[PDB]
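Q: This one's a deposited entry, sequence included:
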Amino acid sequence: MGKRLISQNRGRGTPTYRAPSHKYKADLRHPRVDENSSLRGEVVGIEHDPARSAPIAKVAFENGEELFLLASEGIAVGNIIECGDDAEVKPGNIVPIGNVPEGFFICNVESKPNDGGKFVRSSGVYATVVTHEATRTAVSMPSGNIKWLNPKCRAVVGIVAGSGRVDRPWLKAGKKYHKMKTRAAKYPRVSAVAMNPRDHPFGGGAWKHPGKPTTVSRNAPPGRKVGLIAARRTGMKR
RNA sequence: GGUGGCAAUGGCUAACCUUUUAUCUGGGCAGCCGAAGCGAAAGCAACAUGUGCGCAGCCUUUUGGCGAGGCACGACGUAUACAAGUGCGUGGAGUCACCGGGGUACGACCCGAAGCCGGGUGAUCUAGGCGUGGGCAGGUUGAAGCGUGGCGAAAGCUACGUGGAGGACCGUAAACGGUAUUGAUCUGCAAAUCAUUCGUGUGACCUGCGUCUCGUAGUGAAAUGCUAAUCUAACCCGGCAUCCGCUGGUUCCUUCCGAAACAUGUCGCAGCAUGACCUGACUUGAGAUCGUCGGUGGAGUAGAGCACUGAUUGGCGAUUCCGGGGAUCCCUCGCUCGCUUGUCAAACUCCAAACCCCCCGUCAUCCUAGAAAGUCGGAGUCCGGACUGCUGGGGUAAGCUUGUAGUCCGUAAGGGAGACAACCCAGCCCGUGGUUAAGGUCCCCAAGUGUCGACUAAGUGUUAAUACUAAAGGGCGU
RNA sequence: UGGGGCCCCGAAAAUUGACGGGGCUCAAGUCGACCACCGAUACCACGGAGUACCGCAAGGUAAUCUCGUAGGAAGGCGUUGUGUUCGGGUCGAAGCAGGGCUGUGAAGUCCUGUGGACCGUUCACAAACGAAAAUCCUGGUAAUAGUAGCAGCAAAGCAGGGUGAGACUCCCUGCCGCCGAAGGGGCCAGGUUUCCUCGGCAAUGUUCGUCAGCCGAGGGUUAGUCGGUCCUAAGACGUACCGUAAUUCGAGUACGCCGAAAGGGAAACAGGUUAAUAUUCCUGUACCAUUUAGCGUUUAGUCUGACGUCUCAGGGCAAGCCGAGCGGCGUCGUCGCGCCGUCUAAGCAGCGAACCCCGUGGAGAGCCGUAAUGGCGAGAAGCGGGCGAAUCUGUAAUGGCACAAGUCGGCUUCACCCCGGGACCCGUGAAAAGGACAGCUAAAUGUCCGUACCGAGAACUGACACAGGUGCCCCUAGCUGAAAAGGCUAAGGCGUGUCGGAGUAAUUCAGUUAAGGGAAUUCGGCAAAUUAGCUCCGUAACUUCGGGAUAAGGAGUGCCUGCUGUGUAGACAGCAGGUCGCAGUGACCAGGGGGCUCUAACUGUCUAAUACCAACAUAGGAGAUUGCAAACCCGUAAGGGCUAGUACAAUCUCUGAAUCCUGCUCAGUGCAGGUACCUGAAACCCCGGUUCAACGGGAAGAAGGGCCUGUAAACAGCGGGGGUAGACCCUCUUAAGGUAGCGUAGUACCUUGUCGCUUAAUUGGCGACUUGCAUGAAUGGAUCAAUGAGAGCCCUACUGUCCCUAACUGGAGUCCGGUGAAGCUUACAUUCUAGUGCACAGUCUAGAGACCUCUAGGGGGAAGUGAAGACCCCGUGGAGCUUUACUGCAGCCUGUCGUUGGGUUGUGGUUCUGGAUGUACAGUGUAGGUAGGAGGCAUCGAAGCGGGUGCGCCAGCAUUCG
RNA sequence: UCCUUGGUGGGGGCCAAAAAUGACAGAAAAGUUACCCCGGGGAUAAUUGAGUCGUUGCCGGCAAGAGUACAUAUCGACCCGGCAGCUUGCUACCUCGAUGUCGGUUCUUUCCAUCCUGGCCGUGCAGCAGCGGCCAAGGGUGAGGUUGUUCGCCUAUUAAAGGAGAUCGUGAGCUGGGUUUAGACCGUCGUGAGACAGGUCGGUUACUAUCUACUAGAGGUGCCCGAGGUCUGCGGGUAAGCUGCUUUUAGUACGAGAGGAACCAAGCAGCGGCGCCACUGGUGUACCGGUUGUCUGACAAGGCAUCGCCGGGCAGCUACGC
């Protein structure tokens, strides 16, 4: 048994690959709201989120609950965030995406209604509302795909704060090391051709090279799905 | 196999009971083997001797007779299903023990690895993640930002001060690391340390304590590195007395005999089986052939030869042929075919030995104190080597390699060659005496300064064989 | 002239050697013959043993018997025990040492001594039954050998006097020394009595020992305040649920519970006392918590606990320093200096710097601040107030000090305390208990555990009294100096772990110096040497504009006298003059530099114990999957990692900073998409078979495959020969035929390729050329400032690297006292030459040498020792790894069945009503199915007609609207 | 013939034929290891050793001929016969319970097939100087650049800068550059792991001497009137030195000139050997002085810092001196 790969170690869940969950502030999700209800809260602080490297807003709601929310661009302390079917379509409010006009920018989008917010959550970029239909609403993702979601799916109006974070080059190994200290990801990473054959399919040889094509079938079992997984194509665009 | 019990109206019991404490006595017929074989099966189913030879033994006129056992036939059962031939079987000897040998399976004469697998142990070391602490002498450099001032029409350009950034610089025997000396040490202070010299030394930094991640798993800035002096799969115990054709060992005496290192098959080539060869016993009962001489047969090797197959050298004579050279093919002429010369052959033979082989007779030797033959028990052995021949084959040759006949060493003493596995005498129970073999006789060293006739002047030589001994050529040396 | 014998030339090898050696010449050589003798275990003779065969025996025969490995066969000896026969022994059994006799022998018996209670023997039977070997095992014990070691630690001791049987080694005094930012002080983990006292010295201590961490006996650890205990952290454990064939196994959830002697935290100090404990006992002076009783009560939910890195201001302070007085000690050749001390806890009371806040104020052709950033009509300066520190002041005062003084000032102040500012993000830097906000008084209570001592060059760990390692300190005094570097000294701890020694030779480990030369040494400047601090001047190519840089290259530097400037000060900077030495960073400390290349961008990581590299990583660049009930991955499952995440994200790969770039090839393999057609298992269905099935076919057809398309920053490839001043049309092209670059390379076999510089000379380096055996673009190409314990070459300086060694220093060695191992070993052994021999002999053969013993010395030989060769082969021995080797198994894709229900339609017949609708030719009439081969109905029904209700040839049967 | 009996469908068997195992007396079967492990083997390879000598080095016989003529001053074709074992092969006898692998360095020794030095002979030898051969192994045979090199090339001296053997002498002497481990790069192979008598960077050299041998120093015993002194010399060893330059002979012999010798004589030099220390140089941790930092209160006198450092230096030892 040529040793298990890094992916198999991560699946095992050893401490080297676990997230430092104690370092994080909150599990950011939309406040739970009953059917046909609303709640208003005020932003009391803008804090740094170590799990995202983006700002988060601390919000005190009317019901006595203090909650961390994914902060949108321009959200400020003292702002009144409303969450409900009747909420004003304004930056920071939590409204169903059926009430958002086409061409509007949303973020923290629920995959299903009441899900808490799944899509469009990293620092800076957004989703666009494209079309509206009776049971379906279409949004262009940051990927470029079109996602048809329930119009009752909730989302905060605006973009995620922290745009341009990756614009500054890392410039330095330790610069990225300090970011990797707060995440589960292993840093740094050894190239597979630098390993021995027992450690990777690409390892070994008198000279560094994979020895086999790097595009691997989608049917390959765990321990073999390495390189370019089910690649539609390869190379730089012609 | 040796010794026994019983014996075709066969042998023995197993479990078990009888124990009165494992014995023992008497029971115990279930079963097994024998008693009928052949055939896949269905199935069918044989000699209580028809004949001959003949050992022992007996009788006998010493040549014959009877002749158990034995041998050879004949006959019959069944399968081959048509037939014919043939196979197996058939005229009652087995069975159960004790003491032995041997095969097979089991740890299987004893020890000897790496490994494979099960369940457990380990992150006090080391690697990495996390929590919470500690640490980094003293200096250097001087980013942005800010103040003031210059040069400019502005655009803008620019000096100094302040400021204190950086996986920045120097540097501590703080800490961490480990370059070079390939220094010390190298049964050490130390199962890797010491001295000097070096790299990092505000950061991907070092480090305490705590905690987590581990065996086909972990960890790894990736070397197959590290995971408790153990890492290309840790350690403990278990499978396990693993297995091996491979290595090592295997313990008292005498006596009798005494090999094979070879063939065929083998995933066989360091092994094994079968056979040859050794050994023991029994059966049988009259011949056998290691040697000689003569004869009937086989020769196709040596040698010889050119008569076949092919080579091969000139001379001579012809092919008015097939062909090389400068219009009547105007004439020059190599091969081809013969008579003579000169040479040849593993795979040529008109010839043709000596050895040798089969058979017959003969002598010779052995043999009823058991020929030849048969049956059974036990093996070892299939690494060989050498000398003398075969111009053995191959090779430039080889103390090379591979054959063959004999004999040796192996397993062979003693005597002699300086010593010498296998070269000479000789095969050798113990003691004594004598005479010899090989070889030697100037001394070492037992016996010749032996005899005769010559040669050698070179210390040549003083060397049977042997791989341990120098050639071609020349010499008015003798 | 030919044929012959012997000899000569031809004829050269390596330690001194071989006719066996001496030697030998009408021979002691050769040739032809001969004579006598010597000389085996052969042969003969005698005697004896065994063997084979025969014989009833007695005995007979053997020229035709007597070697022997593997191996077969026969008979015996011995050990221990069993049955059985017969015995021996305290008047001395077994065993043991030595000896006699017998037997071929295995062995038996006896004698002497020793020993003190058991032992044999006949015939048989058994076995845990016989040893010289296994790098055999266990135990004991040699040679080595009185040898190595008791030497870097680190200057290590000496004198005098004691103690004692005994003294280098134990005690005291003095002198001389070591460490002195650790070798001192405190303490974690760990140790576990090593701590203290007394008495010892058999062992331990690397010597001795009276000493001791050793031996024996006794003693020693005192807590409301110091820790644990309490809280929670990463993260464990328990119960429940669920899984699992099951569990002591398993993830998650819920509830609990633990998890820090360095995180948080209620509170105590000074002095004394013992031989050893002391914030613990005693004295004095305090403080905290609950509980009880009384006196009063919420402000309630906030704050605190509670936080990173770097940098800086202000204030304070332990330590430190200076001057005066006082009290001791030292010195005193002269002087009057030097050293020590000159003390004082918590608690209690008092003040309060900065920040912040409150009231006034009104500030701009701008004002106020800071070290710095800054602040301001959204309200500056100024003026009042509140809140609020370290520390300081008093008290605690009649404690300890020689009841000796004990009183004052000043400076500085880290590395400690308080407070405030700024910068960075890239880790945004914990939680909970507890505390505060309403408590005051008085009594009682405050349990349990630890507490000695070491904390390391002797108390831990590494087997050790081990030169390593082990938490470290938020521990460390004076001078020099930037300094905690180095040197010299305090305090404190030590002389603690073998001595002596006469030149103490040679040699060796580590150092000092070295004429002239200066890398000629060597693979190579390895090693050593040079330089070195600070100040000032000055600083190149190149460059990514940051740097290179301390580049390079120059000058100064000590002491004394008198001063100047900055600053509140500490101090710092500078000046003038005088002056000594070979030398002024005088010791200590402390870069050598430059030029040309390769390579990697850089800092970093690594083979703990041979590889610190160009390898790994890195930032940067590119590609791929995935919209989250995702991609990818773990688990048998329950359920998980990534994930308290969401494309700017995670995961999977390649390349490897910047700069200029990254060309052509999709034939092969891979990947993705498409599936028109072909192939494609099972189930269902159909046919046949089967009294039923098995079975044989058919249909349909998923995934997959064939097949088509795309894709090279996927794996990869980018080629042969000949006509033309080696270009160009063709080729060979079974996809294409090397673009930019680079090139004898870290790739170039030929090869020491050719030329130029570098040298006297260069298989070298660099540059150019390049016919590239076999360069080339993210299998990344070229190039590159800076960086580098990387790899080469050159220049300079330097030198014992060398020419070529010498002297000296300390430690070993040598000699002496004490202590005291280990490793090679079948035996013998004073060897040397040659030959022989398994062809590499101290032992064989023939010679030559050699009197023995001891000491020192370097290593020729003992094919020296260490070690079942790691190179090679073999073994139907292993292990890992690879793959289009064989065979499988997981994972994944897909069909079918179950889970799995209800509706709507589209597809096959399931099942049957209204007609028997049936008709080449003509029909009066439709075969009214094949039919009693003929025979029943009817105005209470039999037809010529409408689109003719079944049907059809606008006919005609059934009587229906007529 | 098919399990109680009979039958059906379907099986099993007997004899024969066909289908193949070519590794053909019949397994269904690809690699790699330098990350390797284990058991053995000198039954079998790298290396030294033994044999052989094709090959290599050095020769010989006959002399074909060349040499203005003339085989033999010089060269030596064709063929033939050898020696050595120093090149490379062949072989597998010894060693796989290890005989440490190349090259260099240090030190010793041997061979002659002689490079120089000594003595000779021939010459197509006038002299100078060559060419060829014979004897001769006493001495010498060096210094440097590249390369790990052996070998080879090159440089300047030199009388010449010969070759070879000693386990390709010499790792219980040294070195570690090369080759021969584990890491890594480049190129080429291979799909790959990996490989390359291709290149490149890096990469642990253990031991206290038992015996023997040698170098030196002692104690004995033997020999011997007891002791002492002085000698002899059986023997052993030696390189009881080797070799250049210059002057002279002599600008002579010789030669037409150019050029240009020899005997004898002298001095000097290189290397070697032996000894010595007046001179000169080094060292000189005896000693003397200067001075930095610090301590002993200052001065003086002292300690320490490598002898603190720096300067000088007698004796002694030494060579770079004699």
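A: All right, it came through fine. Numbers count the residues shown, from 1 in each chain, chains lettered A, B, ... in the order given.

Q: what's the residue in chain A that RNA strand B sits nearest to in contact with, if anything?
A: Distances between chain A and RNA strand B by Cβ to the nearest atom of the strand are smallest at residue A:174, namely 2.3 Å. (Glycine included, C-beta is placed from N, CA and C.) Neighbour list for residue A:174: empty [criterion: Cβ atoms under 8 Å, 6 or more residues apart in numbering].

Q: which SS class is it?
A: helix (DSSP: H, G, I helix; E, B strand; the rest coil).

Q: Distance of it relative to residue A:185?
A: As judged by Cβ to Cβ, to the nearest Å, residue A:174 and residue A:185 stand 16 Å apart.

Q: what does residue A:96 give?
A: 35 Å.

Q: likewise residue A:213?
A: The gap separating residue A:213 from residue A:185 is 27 Å, by Cβ to Cβ.

Q: go on, residue A:1?
A: According to Cβ to Cβ, residue A:1 stands 26 Å off from residue A:185.

Q: Pick out whichever of these two has more residues nearby.
A: It is residue A:185, of residue A:1 and residue A:185, that has more neighbours when counted by other Cβ atoms under 10 Å, with 11 against 5.

Q: And for residue A:25, the neighbour number?
A: Number of residues near residue A:25 (other Cβ under 10 Å) recorded here: 14.

Q: right, and it touches residue A:56 too?
A: Yes - the criterion here is Cβ atoms under 8 Å, and residue A:25 meets it with residue A:56 at 6.5 Å.

Q: who touches both of the two?
A: Listed as contacting both residue A:25 and residue A:56 by Cβ under 8 Å, 6+ apart are A:47, A:49, A:68.

Q: in a helix, that's where residue A:9 is, yeah?
A: Yes - the assignment for residue A:9 (three-state DSSP) places it in a helix.
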